[PDB]
There are 4 protein chains.
Amino acid sequence: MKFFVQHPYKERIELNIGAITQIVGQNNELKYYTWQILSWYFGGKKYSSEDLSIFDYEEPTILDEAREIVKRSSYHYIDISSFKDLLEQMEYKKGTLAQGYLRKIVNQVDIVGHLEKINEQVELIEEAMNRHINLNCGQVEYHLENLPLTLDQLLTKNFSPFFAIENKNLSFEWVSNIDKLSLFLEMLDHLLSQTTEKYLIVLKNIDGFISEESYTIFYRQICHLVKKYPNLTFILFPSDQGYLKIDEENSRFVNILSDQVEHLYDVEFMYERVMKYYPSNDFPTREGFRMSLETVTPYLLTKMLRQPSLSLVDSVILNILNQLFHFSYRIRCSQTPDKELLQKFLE
Amino acid sequence: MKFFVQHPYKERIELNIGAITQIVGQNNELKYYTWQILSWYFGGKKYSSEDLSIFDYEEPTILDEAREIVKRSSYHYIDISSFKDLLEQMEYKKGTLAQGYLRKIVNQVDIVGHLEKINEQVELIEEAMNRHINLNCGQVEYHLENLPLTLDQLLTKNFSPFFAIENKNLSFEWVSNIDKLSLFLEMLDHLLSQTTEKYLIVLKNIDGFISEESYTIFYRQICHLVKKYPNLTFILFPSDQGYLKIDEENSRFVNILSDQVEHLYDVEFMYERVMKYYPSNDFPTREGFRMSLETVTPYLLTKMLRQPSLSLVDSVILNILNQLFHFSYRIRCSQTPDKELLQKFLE
Amino acid sequence: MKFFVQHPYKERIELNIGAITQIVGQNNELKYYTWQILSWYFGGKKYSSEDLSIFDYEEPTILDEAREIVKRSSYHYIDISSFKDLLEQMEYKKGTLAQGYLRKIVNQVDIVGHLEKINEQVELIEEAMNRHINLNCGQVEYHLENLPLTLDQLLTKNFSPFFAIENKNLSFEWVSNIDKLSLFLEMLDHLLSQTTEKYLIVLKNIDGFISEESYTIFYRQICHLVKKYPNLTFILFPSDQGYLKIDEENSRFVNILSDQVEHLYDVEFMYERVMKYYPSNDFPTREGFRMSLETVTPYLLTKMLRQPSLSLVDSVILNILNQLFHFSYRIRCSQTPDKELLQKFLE
Amino acid sequence: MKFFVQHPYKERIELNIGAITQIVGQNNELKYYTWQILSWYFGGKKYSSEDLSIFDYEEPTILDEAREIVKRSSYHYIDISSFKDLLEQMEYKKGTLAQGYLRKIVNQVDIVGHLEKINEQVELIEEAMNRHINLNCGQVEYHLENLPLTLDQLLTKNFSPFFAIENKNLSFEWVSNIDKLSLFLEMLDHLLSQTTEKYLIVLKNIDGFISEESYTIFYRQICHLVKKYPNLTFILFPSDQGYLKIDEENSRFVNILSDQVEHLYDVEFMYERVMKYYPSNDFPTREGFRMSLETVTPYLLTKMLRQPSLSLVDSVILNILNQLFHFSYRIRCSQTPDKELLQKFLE
Ligand SMILES: [Mg+2]
Ligand SMILES: [Mg+2]
Ligand SMILES: [Mg+2]
Ligand SMILES: [Mg+2]
């Protein structure tokens, strides 16, 4: 689908949303603004008047393709912009993933029984207690009444999460970053297996905390989950290099936010178009193209002050792609002397 | 015990203190002053300049029979000037009687043992959850650890005191006034059984809120409590009519604060001193005399502008009693020639 | 007018209300209950369910003569059941007499001007402050904005009441009880002189704190105020002896609450009736009757266990009055020997 | 300065610390660890067992060049990992920069003097009120006394900070990201002018939220601040592309954390060492070299599975630089026979 995000003074920011959505581009401020609105809109933000200033004290809106309003309640929104947010989703508090997950687990005839036995010891502590505080005068009596215990209450006050390696506890912070994400995704998995409600999960700032190899592991996991839970949607904000993943399925949901806003087309479609414009008969392979596309996309639709360092082939693809979007920027042929020598030296 | 209470301009106010001390008399202002000093002195009042101004900015003192200072810490003071005061003493808050009694009981096997079970049951819930909880990534395992459930936690979040008649709660305000008083005394009984430290309880304004019949019930209860606990002392401020109690054991502590200060003596002793001046050879029985005392005492040592309405017998006894205290005031024979017809009218 | 106060299980308590209303009687519990409802009803009490228990969880009501509901907002209610309540009415807080009074005083072109000068020094402190915290970056600026001062604010935080004698401050508590009442009435006077809204003031527990002479001074003051402010109403709960004031104007508003509830009739009406029943030709003077009526009224409609000590004449009037209310109780002729001697001795 | 940061299983992590220190490189996890320890060690973290488990329950340490412990108190730490962190440093709350600067200023004649006037004006309001206030009874007088209005009271109840553009307030979130950073630095400037104590400021994750152009502005500002204040130290964690700055003065403090740890050297020095192995006699100018460094450095000391896309010149320089650090990885000449047609395509 599509999100048409309200902008304080310009047209709406268009976003082509899919199971796995990726927002990239050189316009970092705009990306940030888009993230701020998204989290506020779907996150339950209670707006102050200073928050609505830029929108003329009117609450900001997000429209769909038909230009209808996308309800703020439309998704079970989870924002992960730091590992701290991740730890918070695994603690038993109001609205966290853990709350919904642990409530499903605790709910079992097996456990419920222990609650009854616990409330029996309570009813005993009460009685044995009233026997010593015999405040009775006529028809009147002064005594303590007990509010029976609930599991929600127990989970909220007497239980805490811990992480261990072969039974040795270590703080969440010291848990490997990739493991942090995996544990979170696993919890999300078990929860989604018992709900049809829509879940929208936003992830930014993580690329910098894990290697390109670990990220690939994390990305396969989210791909697995979206293919398993139709009701799940991911919105990622990949770094400029080594994290953006492009394939036939998610291609159209790669949104480029630079000097202009556009989303990619289908890969096969673009391959053929680009191939038609390629200045050589030695067309790149579909895979070589796909990778070139992953490298350059973050730099499309951007008139740049400094030419990004790129291979000859990626520079060409970049130029051609820009043209397909009618964007004028072009990487100009390097002006370095004795290229033959540098080339040979790289042999 | 003798209390020589400091007065802003005259000689100290002499009070004869006993287990059940009663302050009665027509000098309402002096009585009010005495109560004020008593509650400030023993109530741990923190004096301000304004407070001490009437004393030359020096802290006031109460001296004993030997002219020594009666330490402000010698008693656990409890001022009952309204029913709201009784209630505060029964709410479980640091400093109250209920709270102090609760402490010397909540920590006793009879209950501490049940905690074992409650917590053992918690460890069982933790184990059952950790089995169904299946979040392992790499060598990391996510699990919940229980935090032992304490008694204080139980009392705070799962216990609330209530006033009820046959399991039907009602606000303290609706509990009959005599019962409010009885509950307070039973509470006090419990607490005193656990300590030998001295307690001084001041009661004022309660007379107007209960029947004379009820007060008798209340009076006997405190008479009991005082017999049972030598460390308990009561200071009452009875109304002019129907509340003052004169008996062989407390008469000595009935203080009259009117135009002059004075305490009563041994009942039999007064009975004999008064009969020496009685106008008839047919004396009132000791019981009748004792009854007149309770009626007349609040009006002794008072030069009254408006002669009080009293039966013929009480008036004579009032006069003789003032004489024995070398007080001038005498009730003047209101002679009416139809005396015979009125009496015949009283069947 | 009339107040028909709701009772948990019996007919409504009837009260004949007038400028100066007096509630007396031997049924102290009922008097107390009536007071509790009155203060809750007109005092703005927010009812808990335990409060409404006795009324079947339905809010209690007070009806007028026509049996219509008397609005809880109908009066500016002030409850004085202790000198502490009096001090509280003289402090500047939400809803106290002082708040309404000081707001009228502070409101003067003369004072308002000093507020402006104060806000000018504020506007200066702000500027001189922003000059040192020059947080300015582009069109943006970070600075402190001032919320201008208000007198209500000043009165609430920088002003406090004090009581002095020839410029020497003493705490309110040490101020003579009669003075406490006088100062309060004076403040009430100045306030009422600038409002037509109805004021209902309830006073109980004070009789015990001042002499009969002082009370007379206080009573003349309230009589002055009700004759000056048609919109003012007083409800007093006098003690059984020496405080109840009866005259032609307030007679009908003296409500007797004992084994039964009735209000007195007009004085001249009762004088004639009683005179018709008097067992002698030596009828008492209208004044002698009025005083006898002040003495006995608190004991009417009361079957008593112990005969109250009264003069022969007051006992007769008491008996006759009871009969006029069809109440059976009767003081029986004393059985004391040699009354002639006791009478002579009183000469 | 040298930091030898403790590592759970390998040799300490060596960091070359300078006024503007930069940590870059492909080992995202190691970098994340380093940031974590730095903020815990200097941020006054209170360690728990779980926290210290990876260290054998011993508190981790940072050693200097002489193997001595760098005290955890040697710096006033400020961790900027998000914009919310900048804001907290600008809210007036004990511990922040704004609060610390406010203190060293609010107490300076320029303002203290205006207080004189404000209060003098209060005494005038008190006098004017005490005249119109007319409550005297007996020798008692009721009057109001003012409590001096302090600066702290003014700031607390009559002052609130605001972000605004031409007197129009807006939420911190809507202030352009580059401005958020500038405001923070101006604040920091003010505070540093008032102290010589050492400050260590860590910045992470900001690159992705602002343009490369803006960051340059930001970088020059901190370059200024550091020149102005020898007690200020910055530790940045730049993205792989477009943020790392290499100059004559800070190059020495650019730390590369990848497969190996290492810091760069004097720029000219490297320029000469690299030109000794350059394949062409036509060397890149010092400026060009310096430009390649900023591009290539984040990828040094890394055995990459996916060869990075780089211009021909940057690739050669990358290779030589790895050689000079005795690191094996070399970028392999991606030869394509149509090399000529592609270049001609790049105009
Ligand atoms: Mg970028
Ligand atoms: Mg009296
Ligand atoms: Mg009575
Ligand atoms: Mg990387």
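Virtual Cβ from ideal backbone geometry, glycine too; neighbours counted across all protein chains shown. Each reported figure results from applying straightforward, stated rules to the coordinates on display, with no laboratory input.
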Single residue of the stretch C:148-170 satisfying the filter (in a loop (DSSP other than H, G, I, E, B) and crowded, with 19+ Cβ neighbours inside 10 Å) that is farthest from the other protein chains (Cβ to nearest Cβ): C:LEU149
Residues of the stretch C:1-12 that turn out to be farther than 18 Å from B:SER171 by Cβ and surrounded by fewer than 21 Cβ atoms within 10 Å (Cβ to Cβ), as a count: 6
Failed condition for C:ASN205, given (1) under 28 Å from C:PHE269 (Cβ atoms); (2) facing chain B (nearest Cβ under 10 Å): (1)
Residues located in the stretch C:24-71, provided they are under 17 Å from the mean Cα position of the chain (by Cα) and among the basic types (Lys, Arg): C:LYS31
Residues of the stretch B:126-143 that turn out to be farther than 14 Å from A:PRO161 by Cβ and among the acidic types (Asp, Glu), as a count: 1
Checking A:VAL254 against (1) at the interface with chain D (Cβ under 9 Å from one of its Cβ atoms); (2) more than 16 Å from D:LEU346 (Cβ to Cβ), the condition it does not meet: (1)
Members of the stretch B:289-315 found to be over 20 Å from C:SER211 (Cα atoms), facing chain C (nearest Cβ under 9 Å) and assigned to a helix (DSSP H, G or I), listed by number: B:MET291, B:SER292, B:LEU312, B:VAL313, B:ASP314, B:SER315
First in the stretch C:179-205 and farther than 23 Å from C:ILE17 by Cα, second anywhere and polar (S, T, N, Q), Cβ under 7 Å, 6 or more apart: C:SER182/C:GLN221
Candidate set: the stretch C:14-45, residues that are within 16 Å of ligand 3 (Cβ to nearest atom) and polar (S, T, N, Q); chosen: the one nearest to the other protein chains (Cβ to nearest Cβ): C:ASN28
Residue ID - farthest from ligand 2 (Cβ to nearest atom), chosen from residues in the stretch A:19-54 that are in contact (Cβ under 8 Å) with a residue 24 or more places away in the chain and among the small types (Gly, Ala, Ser): A:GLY25
Qualifying residue in the stretch C:126-137 (condition: more than 28 Å from B:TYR33 (Cα to Cα) and under 15 Å from the mean Cα position of the chain (by Cα)): no
Residue ID - surrounded by the most Cβ atoms within 10 Å (Cβ to Cβ), chosen from residues in the stretch B:299-345 that are touching a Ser or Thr at 6+ places or on another chain (Cβ under 6 Å), within 20 Å of C:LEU341 (Cα to Cα) and among the hydrophobic types (A, V, I, L, M, F, W, C): B:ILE317
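Are any residues in the stretch A:252-265 closer than 16 Å to A:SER292 by Cβ and surrounded by fewer than 21 Cβ atoms within 10 Å (Cβ to Cβ), and if so, which ones?
A:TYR265 - this is the single residue of the stretch A:252-265 that is closer than 16 Å to A:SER292 by Cβ and surrounded by fewer than 21 Cβ atoms within 10 Å (Cβ to Cβ).
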Search result, residues across the stretch B:297-318 that are over 17 Å from B:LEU257 (Cα atoms) and either touching a residue at least 12 places away in the same chain (Cβ under 8 Å) or among the β-branched types (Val, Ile, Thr) (or both): B:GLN307, B:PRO308, B:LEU310, B:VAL313, B:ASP314, B:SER315, B:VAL316, B:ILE317
Hits in the stretch A:206-217 - residues which are among the hydrophobic types (A, V, I, L, M, F, W, C) and buried (at least 20 other Cβ atoms within 10 Å of the Cβ): A:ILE206, A:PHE209, A:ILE210
Sole exception among (1) touching a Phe, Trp or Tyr at 6+ places or on another chain (Cβ under 7 Å); (2) surrounded by 19 or more Cβ atoms within 10 Å (Cβ to Cβ); (3) more than 14 Å from chain B (Cβ to nearest Cβ) for A:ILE178, by number: (3)
Residue list for the stretch A:181-202, filter: within 14 Å of chain B (Cβ to nearest Cβ) and not in a helix (DSSP H, G or I): A:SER193, A:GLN194
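More than 12 Å from chain A (Cβ to nearest Cβ), out of contact with any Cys (no Cβ under 6 Å at 6 or more places or on another chain), free of Cβ contacts under 8 Å to residues at least 60 places away in the same chain and within 18 Å of B:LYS180 (Cβ to Cβ) - does that describe any residue in the stretch B:64-73?
no
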Residue within the stretch B:271-288 that is within 25 Å of C:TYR299 (Cα to Cα), away from chain C (no Cβ under 11 Å) and surrounded by 22 or more Cβ atoms within 10 Å (Cβ to Cβ) present: no
Which listed residue, of C:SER328, C:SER309, C:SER315, is of a type in the set (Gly, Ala, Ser) and touching a helix residue (DSSP H, G or I) at 6+ places or on another chain (Cβ under 6 Å): C:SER309
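Does the stretch D:185-205 contain any residue that is within 16 Å of ligand 4 (Cβ to nearest atom) and crowded, with 17+ Cβ neighbours inside 10 Å?
yes
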Residue pairs meeting the criteria (Cβ under 8 Å; at least 6 apart or on separate chains; first within 10 Å of chain C (Cβ to nearest Cβ), in the stretch B:211-231; second in a helix (DSSP H, G or I) and within 16 Å of ligand 4 (Cβ to nearest atom)): none
Residue satisfying all of: in the stretch C:46-59; of a type in the set (D, E, K, R) and more than 10 Å from chain B (Cβ to nearest Cβ); surrounded by the most Cβ atoms within 10 Å (Cβ to Cβ) among these: C:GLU59
Contacts under 8 angstrom Cβ, first residue in the stretch B:75-98 being within 14 Å of chain A (Cβ to nearest Cβ) and under 19 Å from A:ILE133 (Cβ atoms), partner among the acidic types (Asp, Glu) and assigned to a loop (DSSP other than H, G, I, E, B), 6 or more apart: B:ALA98/B:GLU91
Residue count for the stretch C:116-132, restricted to those that are at the interface with another protein chain (Cβ under 7 Å from one of its Cβ atoms) and in a loop (DSSP other than H, G, I, E, B): 1
